[PDB]
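Visitor: Sharing a structure here in C-alpha cells format.
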Amino acid sequence: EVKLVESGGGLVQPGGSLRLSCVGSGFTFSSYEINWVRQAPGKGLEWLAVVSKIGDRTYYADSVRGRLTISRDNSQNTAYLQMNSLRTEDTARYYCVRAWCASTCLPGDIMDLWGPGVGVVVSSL
Amino acid sequence: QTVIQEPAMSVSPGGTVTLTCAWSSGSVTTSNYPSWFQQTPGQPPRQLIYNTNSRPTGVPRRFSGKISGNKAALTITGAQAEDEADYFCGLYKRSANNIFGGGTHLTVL
Amino acid sequence: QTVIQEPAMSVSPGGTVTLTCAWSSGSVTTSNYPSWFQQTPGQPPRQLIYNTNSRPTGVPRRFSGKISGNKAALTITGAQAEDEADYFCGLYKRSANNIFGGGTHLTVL
Amino acid sequence: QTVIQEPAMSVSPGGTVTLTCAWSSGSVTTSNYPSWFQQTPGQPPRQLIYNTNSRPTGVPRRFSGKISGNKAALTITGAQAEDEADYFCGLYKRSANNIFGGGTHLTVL
Amino acid sequence: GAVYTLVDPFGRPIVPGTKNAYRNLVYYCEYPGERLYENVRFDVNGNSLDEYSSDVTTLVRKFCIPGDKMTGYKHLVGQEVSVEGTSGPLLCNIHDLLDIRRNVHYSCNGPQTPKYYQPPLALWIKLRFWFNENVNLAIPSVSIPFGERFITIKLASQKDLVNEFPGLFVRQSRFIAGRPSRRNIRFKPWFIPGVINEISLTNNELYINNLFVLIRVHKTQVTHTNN
Amino acid sequence: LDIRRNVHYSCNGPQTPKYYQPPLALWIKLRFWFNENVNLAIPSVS
Amino acid sequence: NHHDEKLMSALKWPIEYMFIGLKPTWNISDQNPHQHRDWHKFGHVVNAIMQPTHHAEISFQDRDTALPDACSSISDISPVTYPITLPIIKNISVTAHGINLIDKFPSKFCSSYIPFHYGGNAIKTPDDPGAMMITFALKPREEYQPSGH
Amino acid sequence: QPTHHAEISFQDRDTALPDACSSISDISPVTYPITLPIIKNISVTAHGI
Amino acid sequence: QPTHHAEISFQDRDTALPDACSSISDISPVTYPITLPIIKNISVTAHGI
C-alpha cells in the first residue's frame, strides 16, 4: 500500500541540471522525513541529502554539499531534488527513502521503505 | 575516511555466515551505529539492522547483529535461498553522517 | 521570509480597531515575539507592546496585544485622536532577528 | 589585542621583585589564566606558574603568582643568581587562546 | 528518539548479551518472624488446647505491643528500623509577620532492603499462649507429665519469606526534538525470576524460662468471605 | 559498600492541598468530669 | 580477645534487673572525628554516606541525539551521614558463684527480647543493640516488692 | 518519580525559551503503600439483641 | 528552596568555568513551622506566699 515511487531522471549531458520528484501515497508524507540516497552500479550506497518534516532544516553530504539542493512540498506530497551541476561520477540509481528517528534524528536511522529507484546516466555522448 | 567490506563470501543453505564491515582507520564503536541493508537484485535495498542489534518489523529472526573486536558483524543462522543479495554496512561518522560500504554479494549455494 | 500587514485601517473615535500582522509563510508562534510600534509623523517610533502582551511604562492602557489564529493582533479600545499614526509589527525570526512590517496607517475619523 | 610587559627590571640577590603583565585593553580576569614562564638563555622556557597561583612539580617555592588591580604579578622573594632569565606572561583569551608577552629580562645584581 | 541501555539498579552499565552479569536483588518479607510461624498449636496427648496463626500475631502486634517496644519487636522478628542521619548546614530563611538549619533524612539497611547478598538473620519469635501473661497463672511442670506436652509449628515456604527485586533496569533516553529539546530519561525494571538458594535453618532452639519456686484463653478463627 | 534503602514520608490527608477534598468523618470526643471513671459516671435516673 | 572474663567484688547487695552497656573506647576517644556525635552509643559506629548528585544530560547537535553531548554530576556540599551502631557483642554471659546463670546468650536476646518482655511500660527497648539488660526478677517495675534477686 | 530538571540555553541571544532541558528520573521510584479502608459499616449482632 | 543545579560546558576547549548553569527550583518551597518560645519567666503568685 505505502509507496515512494519517483520519476524525473534520464540521460543528461555533464554539467547540467536534473529535477527528481518523489511522490508518496497513503503514509501521511507530511509527518515523516524523506532522504535521497545514491547507489553506484558497483561502488555501493551513498547518502546524498535530507529534508526535514516541515520542509526547512536541510543538511547535505560532504561530497555533494551545495551541488544538490533538496526541497519539499507537503501539499501534493512531493520531494524534489535539484542536481544543479553533474560530473560523470554522478551516474547512479537514486532512491527517495522514508526515514524517521531512532538514534540519529534528522539524518535518519531507520530507512523503512525505499523507492524503486530512478537511474541517472550522465554521459558526454 | 571510509568503511570497507570484503567483496564476497559463499554460504551453504541452512548454514551460518558472518559478514564483516570495518572502518579503514580506527575502531567501530557502538556510537558509530552500524546499519546493515539487504538489496535483492532488481529490488530496492531493505533495512535489515539498525543500531547494531535491532531489527525493524518484517525482518526475519535469523539475522543478528553484533560488534566483534574492532568491526561490525552480521550473522545469518540457517540462511535460506532468499538471502542471495548484496549486503551493505553503513557507519554513522559524526561529521559525514552515514557512510556505506562497497557491498558484499552473499552467494547461497 | 517577511511579515505582512494590511496597509490601511479606519477607526471612529472611541471605537475598537484590531490591526493584524502575519508571517508570509507559517504561523506566528508566541516564540516569534511580536512587537508593536507606533510612529506619529514627525516623531520617532515608540514601543507600544513587546512579547505580545506586555507594555512598557508610559504606554496607555488601551493598547492590548494578542495572538489570534495564526497572526498577531493589536487591539485599540476607545481609540482617541492621538492614535492616528503608523503602526509597525515586528517578529523575531530565529536567524534574522527582528523583522518589521510595512506599516499600517491608522486613520481616526 | 595583545599582552604588554615592561621591558626590564633589576633585583638585588636575596631581594623581592614584582613583575607585571597586563592586557592592552581591559582587565586581567582570573578566567584569562595567566601563565608565567622562565627561559634561561641557551635553555628552553620552563613552566613556572599556571592558573595564576599554582606551580608544577620542580618549581621552587619562591615564585608566587597573583592578580593585582587589573594586571598579573609574579613575585620572587629571596631571588637567587639562577633567576637571571627571560620571564614571559601568557593570557588565555577566549578566541585567540594563549597570547604571550614580549619578555622581561630580570637582572640579578 | 528513544535509545535503550541496560543499567544496574545503582546505575552501572551491563553491556547486554553478556552471560552471568545480571543477578536479582532479594527481599525479605516485612516481619519475617510473624510469617515464619504460620500456624502454632500446643498439644497435650492430642486435643490441641491453643492454636493460632500469623494473623493473630500481627493483630496483637498492631494492638497490644506498645510503641516504646516497637523497635524491640522489629529487631526480634527481623524488621528494618529507620536509621536517622543528617545532611549538613543549609541557607534557609525566616519569615515573620537567615538561620542555619540541618536537614534530617531516614534510611534503612535492614532485611527488607533489597540486597545482592542478604546476611544470615536472627529470628527471635515470641510464643503467645494463655499462660504466658501472668506468672501466677503459669501452669506447673509437675501437674501433668512433661512428655505429653508438644508444640507443632507450620513453617512458611521460602517463596513466602523471600521475594526478589529487579536487578536490571532498562534505561530509556529520549530526545524530544524542538525548542526546548527535552531529554527524558526513564527507567523500567527488567524482572525475570531466578532460583533463590535454599534457606538453611541454623541454631533452631526454643528458649524456655524454667524458673525455680481464672485463665484467659484466646479463641481465634479464620474465615473466607466473598459476598 | 553496603546496599541501603532510603525512607521518605508523605501525606495524603485533609491538610494536603487538594483540588477536591473528599467528605470527611470527624469523631470528636466530648470531655467532661464524669467521662473519666466509670464509677463516677452520673446516673440517668437521679 | 575472644574471651573476656571480668570479676567484681563491689556488688554485695542483692541485684534486681541490670542494664549493661559495652561502649567502644574509640567512641569517647579524642582521636575520633565523630566523638561528639557517637559518644552515647554502645555499639561500633560506622557512617553510611549519601552523596546525592544532581544528574542532568544535555544534547547540543539536534542530529546525533542518542548519547548526550554533555552531562553533569553536581553533588551537595555536605554529604548525608547515617550513623550505624553495629553490635559489639556476639555472646554475652554472666556466670554466678556456683551456677552457670547466663551462659553465652546472644546480644540480640539480651538487648531486644528482655527489654521487650520484662519491665512493663516503664522500661523501653533501646535503639542501640550494644546496650542490653540481664534480668533477675519477674516484676522489675510492675510492683514495689522484691520478686527475685 | 522525582526527576532532576535542568534547563540550559546555548545562544546567549534568544535566551527566553531554553535551548535544551533534562528530565533525569531516579532508577527506583518511591513507593508509599496506602492502606485504604476495607469496611464501610461493621456490625456484630448477638443472639437476641 | 531546593534547586536542581547543573553545570554544562559546550566548548570542549576552555572547560574550567562552566559555559552554562541552571537553578531550577521546586514550585512549592518546603515550609517548616517552628514554635519559638513565648514566655521567658513564668510566675504564679499565691495569696500570701
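Starting from 1 in every chain, residues are counted up; chains themselves are A, B, ... following the order of the C-alpha cells, and ligands are numbered from 1 as listed.
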Can you show chain D as a short mmCIF file (atom, residue, chain, number, x, y, z; two decimals) with C-alpha atoms, in the first residue's frame once it has been least-squares superposed onto chain B, using every C-alpha atom paired in order?
Guide:
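And here is the file that came out, selection03.cif:
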```
data_model
loop_
_atom_site.label_atom_id
_atom_site.label_comp_id
_atom_site.auth_asym_id
_atom_site.auth_seq_id
_atom_site.Cartn_x
_atom_site.Cartn_y
_atom_site.Cartn_z
CA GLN D 1 37.79 8.00 5.94
CA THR D 2 35.67 5.14 4.57
CA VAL D 3 34.18 1.80 5.58
CA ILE D 4 35.60 -1.37 4.01
CA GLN D 5 34.00 -4.74 3.33
CA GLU D 6 35.33 -7.98 1.91
CA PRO D 7 33.95 -8.39 -1.63
CA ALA D 8 32.14 -11.74 -1.48
CA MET D 9 31.32 -14.81 0.60
CA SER D 10 29.62 -18.12 -0.11
CA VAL D 11 27.32 -19.95 2.31
CA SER D 12 25.56 -23.31 2.11
CA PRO D 13 21.77 -23.31 2.61
CA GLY D 14 20.90 -23.81 6.26
CA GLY D 15 24.39 -22.66 7.28
CA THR D 16 25.71 -19.81 9.40
CA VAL D 17 27.70 -16.96 7.84
CA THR D 18 29.36 -13.92 9.45
CA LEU D 19 29.76 -10.80 7.32
CA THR D 20 32.15 -8.09 8.49
CA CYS D 21 32.40 -4.35 7.91
CA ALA D 22 35.11 -2.18 9.40
CA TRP D 23 36.49 1.35 9.44
CA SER D 24 39.57 1.99 7.32
CA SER D 25 41.26 3.63 10.32
CA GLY D 26 40.18 3.27 13.93
CA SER D 27 37.68 1.04 15.68
CA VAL D 28 33.95 0.57 15.17
CA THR D 29 32.45 1.92 18.38
CA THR D 30 28.79 1.28 19.20
CA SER D 31 28.33 5.06 18.84
CA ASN D 32 29.14 4.71 15.12
CA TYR D 33 25.76 2.87 14.74
CA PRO D 34 26.28 0.14 12.10
CA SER D 35 23.27 -0.45 9.86
CA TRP D 36 23.03 -3.50 7.60
CA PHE D 37 20.95 -3.40 4.41
CA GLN D 38 19.89 -6.17 2.02
CA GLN D 39 19.34 -5.49 -1.69
CA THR D 40 17.99 -8.29 -3.85
CA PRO D 41 18.92 -7.54 -7.49
CA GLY D 42 16.01 -5.88 -9.25
CA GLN D 43 14.71 -4.66 -5.87
CA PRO D 44 15.40 -1.64 -3.64
CA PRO D 45 17.60 -2.10 -0.56
CA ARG D 46 15.81 -3.06 2.66
CA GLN D 47 16.68 -2.09 6.23
CA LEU D 48 17.83 -5.26 7.98
CA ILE D 49 19.51 -4.02 11.18
CA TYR D 50 19.92 -0.57 12.73
CA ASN D 51 21.84 0.37 15.91
CA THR D 52 23.90 -2.88 15.79
CA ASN D 53 21.31 -5.19 17.30
CA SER D 54 17.75 -4.05 16.47
CA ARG D 55 15.49 -5.19 13.63
CA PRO D 56 12.56 -3.27 12.10
CA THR D 57 9.26 -5.08 11.67
CA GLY D 58 9.18 -7.64 8.87
CA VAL D 59 12.86 -8.61 9.11
CA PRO D 60 13.25 -12.36 9.81
CA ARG D 61 14.68 -13.50 13.13
CA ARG D 62 17.74 -15.15 11.55
CA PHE D 63 19.62 -11.89 10.88
CA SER D 64 21.57 -10.92 14.00
CA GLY D 65 23.95 -8.01 14.48
CA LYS D 66 26.94 -7.60 16.76
CA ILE D 67 30.24 -5.78 17.14
CA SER D 68 33.26 -8.09 17.34
CA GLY D 69 36.75 -6.80 18.04
CA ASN D 70 36.96 -3.58 16.04
CA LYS D 71 34.41 -4.41 13.35
CA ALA D 72 30.68 -4.97 12.94
CA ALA D 73 29.31 -8.42 12.12
CA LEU D 74 26.07 -9.61 10.52
CA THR D 75 25.43 -13.24 11.46
CA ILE D 76 22.93 -15.23 9.39
CA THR D 77 21.98 -18.54 11.01
CA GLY D 78 20.17 -21.02 8.80
CA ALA D 79 20.38 -18.86 5.69
CA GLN D 80 17.72 -19.65 3.09
CA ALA D 81 17.74 -19.21 -0.69
CA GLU D 82 16.16 -15.75 -0.36
CA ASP D 83 19.33 -14.31 1.22
CA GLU D 84 21.36 -14.33 -2.02
CA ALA D 85 21.64 -10.55 -2.35
CA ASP D 86 23.94 -7.57 -1.80
CA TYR D 87 24.61 -6.61 1.81
CA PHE D 88 25.73 -3.09 2.71
CA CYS D 89 27.12 -1.84 6.03
CA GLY D 90 26.72 1.80 7.01
CA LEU D 91 28.49 3.59 9.85
CA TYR D 92 27.45 6.97 11.27
CA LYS D 93 30.56 9.11 11.41
CA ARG D 94 30.10 12.30 13.41
CA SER D 95 30.70 14.79 10.58
CA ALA D 96 29.93 12.78 7.43
CA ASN D 97 26.77 11.05 8.84
CA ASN D 98 26.04 7.66 7.20
CA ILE D 99 28.88 6.15 5.16
CA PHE D 100 28.02 2.93 3.34
CA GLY D 101 30.22 0.03 2.29
CA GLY D 102 31.16 -1.27 -1.13
CA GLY D 103 28.88 -4.29 -0.93
CA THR D 104 29.10 -8.01 -0.23
CA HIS D 105 27.49 -10.43 -2.68
CA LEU D 106 26.42 -13.31 -0.44
CA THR D 107 26.17 -16.50 -2.51
CA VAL D 108 23.74 -19.20 -1.35
CA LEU D 109 24.89 -22.48 -2.89
#
```
Visitor: Using DSSP secondary structure from the backbone, list all strand (DSSP E or B) positions within chain G, as a PyMOL selection string.
Guide: chain G and resi 18-20+44-50+54-55+58+70+73-74+80-86+91-94+102-106+132-134
Visitor: Enter the distance from CA of residue 30 (chain A) to CA of residue 47 (chain A), in Å, rounded to one decimal.
Guide: 21.2 Å
Visitor: Fewer than 2 positions away in the same chain doesn't count, so skip those; otherwise give me all residues within 10 Å of region 26-36 of chain I, counting only C-alpha atoms, as a list in words.
Guide: residues 92, 93, 94 and 95 of chain E; 5 of chain H; 1, 2, 3, 4, 23, 24, 38 and 39 of chain I
Visitor: With only C-alpha atoms as the counted atoms, please give the residues lying no more than 8 Å from region 46-58 of chain G, apart from itself and same-chain residues fewer than 6 positions off, as a ChimeraX atom specification.
Guide: /E:183 /G:68-76,79-86 /H:4-6,8,20-24 /I:4-6,8
Visitor: Counting only C-alpha atoms, a student should be able to say which residues of chain A come within 10 Å of chain B; what is the right answer, written as a ChimeraX atom specification?
Guide: /A:39-40,42-48,60-63,93,95,97,102-104,107-117
Visitor: May I have the residues within 10 Å of residue 29 (chain A) as JSON, numbers by chain, using only C-alpha atoms and disregarding those fewer than 5 positions away in the same chain?
Guide: {"A": [4, 23, 24, 34, 53, 73, 74, 75, 76, 77, 78, 79, 98]}
Visitor: Could you give me, as a tab-separated table, a per-residue list for chain H showing, wherever an atom lies at most 12 Å from an atom of chain C, the closest pair of atoms and their distance in Å to one decimal, using only C-alpha atoms and sorting by chain then residue number from low to high?
Guide:
```
residue	atom	partner	partner_atom	distance
H:11	CA	C:94	CA	10.6
H:13	CA	C:97	CA	9.4
H:14	CA	C:94	CA	7.8
H:15	CA	C:31	CA	10.9
H:16	CA	C:31	CA	8.4
H:17	CA	C:31	CA	7.7
H:18	CA	C:31	CA	11.1
H:19	CA	C:94	CA	12.0
```
Visitor: Just want the 8 Å neighbourhood of residue 218 (chain E), counted on only C-alpha atoms, with same-chain residues fewer than 3 positions away dropped. Output as a ChimeraX atom specification.
Guide: /E:50,129-130
Visitor: Restricting it to N, CA and C atoms, dump the selection as a tab-separated table (two decimals), in the first residue's frame.
Guide:
```tsv
chain	number	residue	atom	x	y	z
E	50	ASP	N	-4.46	-24.74	72.54
E	50	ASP	CA	-4.30	-23.44	71.91
E	50	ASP	C	-3.78	-23.62	70.50
E	129	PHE	N	0.63	-17.68	74.42
E	129	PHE	CA	-0.40	-18.60	74.87
E	129	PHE	C	-1.17	-17.94	76.00
E	130	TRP	N	-2.09	-18.70	76.60
E	130	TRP	CA	-2.89	-18.16	77.70
E	130	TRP	C	-2.09	-18.05	78.99
```
Visitor: Give one line per residue of chain F that approaches chain H to at most 12 Å, naming the two atoms of the closest pair and their distance in Å to one decimal, counting only C-alpha atoms; sort by chain then ascending residue number and deliver it as a tab-separated table.
Guide:
```
residue	atom	partner	partner_atom	distance
F:5	CA	H:28	CA	10.0
F:6	CA	H:30	CA	8.8
F:7	CA	H:30	CA	8.6
F:8	CA	H:30	CA	7.8
F:9	CA	H:32	CA	8.1
F:10	CA	H:32	CA	7.7
F:11	CA	H:32	CA	9.7
F:12	CA	H:34	CA	9.0
F:13	CA	H:34	CA	11.1
F:25	CA	H:40	CA	11.9
```
Visitor: Keeping only N, CA, C and O atoms, write the selected residues to a file as a CSV table (one decimal), in the first residue's frame.
Guide:
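File result_6.csv, as written:
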```csv
chain,number,residue,atom,x,y,z
F,5,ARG,N,18.4,1.2,51.5
F,5,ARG,CA,17.2,1.8,51.1
F,5,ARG,C,17.0,3.2,51.7
F,5,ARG,O,17.5,3.5,52.8
F,6,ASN,N,16.3,4.1,51.0
F,6,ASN,CA,16.0,5.4,51.5
F,6,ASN,C,14.6,5.5,51.8
F,6,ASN,O,13.7,5.1,51.0
F,7,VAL,N,14.3,6.0,53.0
F,7,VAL,CA,12.9,6.1,53.6
F,7,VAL,C,12.4,7.5,53.5
F,7,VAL,O,13.0,8.4,54.0
F,8,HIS,N,11.2,7.7,52.9
F,8,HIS,CA,10.6,9.0,52.8
F,8,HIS,C,9.2,9.0,53.5
F,8,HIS,O,8.6,7.9,53.7
F,9,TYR,N,8.7,10.1,53.8
F,9,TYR,CA,7.4,10.3,54.4
F,9,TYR,C,6.6,11.2,53.6
F,9,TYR,O,7.1,12.2,53.1
F,10,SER,N,5.3,10.9,53.4
F,10,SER,CA,4.4,11.7,52.6
F,10,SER,C,3.0,11.7,53.2
F,10,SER,O,2.7,10.8,54.0
F,11,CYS,N,2.2,12.7,52.9
F,11,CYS,CA,0.9,12.8,53.4
F,11,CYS,C,-0.2,13.0,52.3
F,11,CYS,O,0.0,13.7,51.3
F,12,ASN,N,-1.3,12.3,52.5
F,12,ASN,CA,-2.4,12.3,51.6
F,12,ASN,C,-3.7,12.8,52.3
F,12,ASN,O,-4.8,12.6,51.7
F,13,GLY,N,-3.6,13.3,53.5
F,13,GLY,CA,-4.8,13.5,54.3
F,13,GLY,C,-5.5,14.8,54.0
F,13,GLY,O,-5.3,15.4,53.0
F,25,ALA,N,-14.8,12.3,58.0
F,25,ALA,CA,-15.5,11.8,59.2
F,25,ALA,C,-14.9,12.3,60.4
F,25,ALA,O,-13.9,11.7,60.9
```
